[PDB]
Amino acid sequence: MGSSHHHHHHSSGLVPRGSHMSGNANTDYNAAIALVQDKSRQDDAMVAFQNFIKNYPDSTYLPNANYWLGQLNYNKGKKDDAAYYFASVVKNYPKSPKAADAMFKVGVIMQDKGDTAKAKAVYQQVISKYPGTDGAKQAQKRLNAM
């Protein structure tokens with residue numbers, strides 16, 4: 001009918017039992033969504049990360065796992081869909097690098113759609129607004145180059 005969202009598969013294993021982080025969401029998610037980046041795993045990410053952004057509230061990168069999706073899903077030709085993905089993560093994660101990163105990268109699609117005039121300003125923003133962050137770092141090139 002439409003009940004394809006039963007809460008399960010939350011405990012994968014390990015369960016950090018140290019003073020440091022173990023099973024870093026950073027790494028496992030960067031590994032999940034690295035799939036989106038992977039031109040052979042664009043779908044395997046959507047399945048990977050679905051585990052992250054929806055089924056891993058417990059994981060730090062719950063929001064940002066969507067980040068990697070916000071950039072890459074866009075570059076998948078979802079110049080619409082991930083464009084809002086970013087909007088979601090930049091929103092959700094105020095402290096993520098994604099707020100910058102996809103500010104930069106989804107900050108990129110604009111020109112693709114035709115806001116290299118307006119949205120180019122987006123870049124200028126990350127550089128100064130998101131300064132020295134994943135986005136501001138790469139957006140600096142767009143501020144200077146393109």
# chains A, B, ... in the order shown; residues from 1 in each chain; ligands from 1

$ select_by_dssp --residues "chain A" --states "alpha helix (DSSP H)" --output "VMD selection string"
chain A and resid 25 to 37 42 to 49 65 to 75 81 to 92 98 to 113 120 to 129 134 to 144

$ residues_around --residues "segment 121-128 of chain A" --least-positions-apart "5" --cutoff "12 Å" --atoms "only C-alpha atoms" --output "PDB file with C-alpha atoms, in the first residue's frame"
ATOM      1  CA  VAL A  90      22.475  24.429   4.000  1.00  0.00           C
ATOM      2  CA  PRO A  97      30.785  22.643   5.150  1.00  0.00           C
ATOM      3  CA  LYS A  98      27.898  21.939   2.830  1.00  0.00           C
ATOM      4  CA  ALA A  99      26.193  25.168   3.557  1.00  0.00           C
ATOM      5  CA  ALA A 100      29.287  26.534   1.851  1.00  0.00           C
ATOM      6  CA  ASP A 101      30.067  23.624  -0.450  1.00  0.00           C
ATOM      7  CA  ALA A 102      26.695  23.370  -2.075  1.00  0.00           C
ATOM      8  CA  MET A 103      26.425  27.099  -1.763  1.00  0.00           C
ATOM      9  CA  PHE A 104      29.369  26.933  -4.079  1.00  0.00           C
ATOM     10  CA  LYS A 105      28.406  23.862  -6.178  1.00  0.00           C
ATOM     11  CA  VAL A 106      24.695  24.438  -6.239  1.00  0.00           C
ATOM     12  CA  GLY A 107      25.901  27.975  -6.391  1.00  0.00           C
ATOM     13  CA  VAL A 108      27.316  26.687  -9.663  1.00  0.00           C
ATOM     14  CA  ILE A 109      24.125  25.308 -11.272  1.00  0.00           C
ATOM     15  CA  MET A 110      22.711  28.814 -11.402  1.00  0.00           C
ATOM     16  CA  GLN A 111      24.858  29.817 -14.326  1.00  0.00           C
ATOM     17  CA  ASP A 115      22.229  33.152 -13.072  1.00  0.00           C
ATOM     18  CA  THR A 116      25.914  33.520 -13.586  1.00  0.00           C
ATOM     19  CA  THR A 133      34.851  26.517   4.272  1.00  0.00           C
ATOM     20  CA  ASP A 134      34.509  23.739   1.668  1.00  0.00           C
ATOM     21  CA  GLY A 135      32.359  26.034  -0.433  1.00  0.00           C
ATOM     22  CA  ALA A 136      34.183  29.324   0.181  1.00  0.00           C
ATOM     23  CA  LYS A 137      37.403  27.586  -0.731  1.00  0.00           C
ATOM     24  CA  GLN A 138      36.260  26.342  -4.101  1.00  0.00           C
ATOM     25  CA  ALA A 139      33.896  29.280  -4.680  1.00  0.00           C
ATOM     26  CA  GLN A 140      36.911  31.555  -4.554  1.00  0.00           C
ATOM     27  CA  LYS A 141      37.841  30.177  -7.971  1.00  0.00           C
ATOM     28  CA  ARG A 142      34.448  31.123  -9.352  1.00  0.00           C
ATOM     29  CA  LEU A 143      34.763  34.510  -7.766  1.00  0.00           C
ATOM     30  CA  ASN A 144      38.096  34.997  -9.538  1.00  0.00           C
ATOM     31  CA  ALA A 145      37.937  32.824 -12.636  1.00  0.00           C
ATOM     32  CA  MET A 146      34.477  32.269 -13.882  1.00  0.00           C
TER      33      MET A 146
END

$ closest_atom_pairs --of "segment 38-80 of chain A" --to "segment 11-22 of chain A" --cutoff "12 Å" --atoms "only C-alpha atoms" --output "Markdown table"
| residue | atom | partner | partner_atom | distance |
| --- | --- | --- | --- | --- |
| A:51 | CA | A:12 | CA | 10.4 |
| A:52 | CA | A:12 | CA | 11.5 |
| A:55 | CA | A:11 | CA | 9.8 |
| A:56 | CA | A:11 | CA | 9.0 |
| A:57 | CA | A:11 | CA | 11.3 |
| A:58 | CA | A:11 | CA | 9.5 |
| A:59 | CA | A:11 | CA | 10.7 |
| A:60 | CA | A:21 | CA | 10.6 |

$ write_last_selection --atoms "N, CA and C atoms" --output "JSON list (two decimals), in the first residue's frame"
[["chain", "number", "residue", "atom", "x", "y", "z"],
["A", 51, "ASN", "N", 20.12, 5.71, 3.94],
["A", 51, "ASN", "CA", 20.34, 5.12, 5.24],
["A", 51, "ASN", "C", 20.86, 6.18, 6.18],
["A", 52, "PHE", "N", 21.58, 7.12, 5.61],
["A", 52, "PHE", "CA", 22.20, 8.19, 6.37],
["A", 52, "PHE", "C", 21.25, 9.30, 6.76],
["A", 55, "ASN", "N", 17.77, 7.36, 7.91],
["A", 55, "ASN", "CA", 17.81, 6.24, 8.85],
["A", 55, "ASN", "C", 18.99, 6.31, 9.81],
["A", 56, "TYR", "N", 19.67, 7.43, 9.82],
["A", 56, "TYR", "CA", 20.81, 7.62, 10.71],
["A", 56, "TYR", "C", 20.76, 8.98, 11.41],
["A", 57, "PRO", "N", 19.71, 9.24, 12.21],
["A", 57, "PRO", "CA", 19.63, 10.46, 13.03],
["A", 57, "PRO", "C", 20.72, 10.45, 14.06],
["A", 58, "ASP", "N", 21.04, 9.25, 14.45],
["A", 58, "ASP", "CA", 22.11, 8.98, 15.41],
["A", 58, "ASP", "C", 23.48, 9.42, 14.88],
["A", 59, "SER", "N", 23.65, 9.45, 13.56],
["A", 59, "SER", "CA", 24.92, 9.80, 12.98],
["A", 59, "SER", "C", 24.98, 11.30, 12.77],
["A", 60, "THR", "N", 26.12, 11.87, 13.15],
["A", 60, "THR", "CA", 26.39, 13.29, 13.01],
["A", 60, "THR", "C", 26.00, 13.83, 11.64]]

$ residues_around --residues "segment 26-41 of chain A" --least-positions-apart "4" --cutoff "9 Å" --atoms "only C-alpha atoms" --output "list in words"
residues 45, 46, 47, 48, 49, 51, 52, 59, 60, 61, 62, 64, 65, 66, 67, 68, 69, 72, 73 and 76 of chain A

$ write_last_selection --atoms "C-alpha atoms" --output "mmCIF file, in the first residue's frame"
data_model
loop_
_atom_site.group_PDB
_atom_site.id
_atom_site.type_symbol
_atom_site.label_atom_id
_atom_site.label_comp_id
_atom_site.auth_asym_id
_atom_site.auth_seq_id
_atom_site.Cartn_x
_atom_site.Cartn_y
_atom_site.Cartn_z
ATOM 1 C CA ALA A 45 24.498 6.299 -3.065
ATOM 2 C CA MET A 46 20.870 7.062 -3.120
ATOM 3 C CA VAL A 47 20.441 3.765 -1.379
ATOM 4 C CA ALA A 48 23.518 4.249 0.814
ATOM 5 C CA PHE A 49 22.755 7.716 1.915
ATOM 6 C CA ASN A 51 20.335 5.124 5.238
ATOM 7 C CA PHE A 52 22.200 8.191 6.371
ATOM 8 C CA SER A 59 24.921 9.799 12.981
ATOM 9 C CA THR A 60 26.386 13.293 13.015
ATOM 10 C CA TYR A 61 26.162 13.510 9.255
ATOM 11 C CA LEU A 62 22.498 12.791 8.976
ATOM 12 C CA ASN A 64 25.358 16.480 5.464
ATOM 13 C CA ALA A 65 24.957 13.091 4.040
ATOM 14 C CA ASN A 66 22.257 14.842 2.072
ATOM 15 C CA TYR A 67 24.935 17.481 1.365
ATOM 16 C CA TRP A 68 26.957 15.204 -0.807
ATOM 17 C CA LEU A 69 23.673 14.391 -2.459
ATOM 18 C CA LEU A 72 26.168 15.379 -6.863
ATOM 19 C CA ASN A 73 22.447 14.855 -7.458
ATOM 20 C CA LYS A 76 23.277 14.204 -12.184
#

$ atom_distance --atom1 "atom CA of residue 63 of chain A" --atom2 "atom CA of residue 24 of chain A"
14.3 Å
